[PDB]
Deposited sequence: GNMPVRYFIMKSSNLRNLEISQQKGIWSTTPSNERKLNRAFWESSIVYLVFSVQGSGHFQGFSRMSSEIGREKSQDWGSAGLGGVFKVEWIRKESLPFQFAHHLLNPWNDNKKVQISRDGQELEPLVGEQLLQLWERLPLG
């Protein structure tokens, strides 16, 4: 199906993003492990766009590089590989015009953790980083 899907990932604080950016890993809730995996196999590329909660920035975006091994068998459970593409902060003002038809046409800036972006609008969301060096 969909050759590219996009998802918003929220962080509780910026240190976690700093860990992800340097170690190249992420981990998320289980509600979202099932969603992200089925997306990993179906789509050619899954993009994760990041935002610390209540920070007023997206802190960059990454591609999802592995699956979320939840072997039947805490303890680095549910950690997966991410490949950051852009690590520069983008204020919400640059995206205010961008609306998510899959989230009640609300602004993409208003997304729960793991919210999938409609592909056209995900695509433009990524093009805004080209403004930033």
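Unmodelled regions (deposited sequence positions with no C-alpha coordinates, counted from 1) are 1, 75-79, 140-141.
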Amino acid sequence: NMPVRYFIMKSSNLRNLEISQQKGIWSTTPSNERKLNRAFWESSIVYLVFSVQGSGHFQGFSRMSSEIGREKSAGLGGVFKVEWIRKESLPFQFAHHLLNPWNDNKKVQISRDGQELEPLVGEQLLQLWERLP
From here on, numbers count along this sequence of modelled residues.
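Looking at the C-alpha B-factors along this chain, the one for residue 51 belongs to the middle third.
Among the modelled residues of the chain, residue 68 sits in the middle third by CA temperature factor in this PDB entry.
When the CA B factors of the chain's modelled residues are split into thirds, the value for residue 2 lands in the highest one. Residue 13: CA B factor lies in the highest third for its chain, per the PDB record. Ranked by C-alpha B-factor against the other modelled residues of its chain, residue 107 falls in the middle third.
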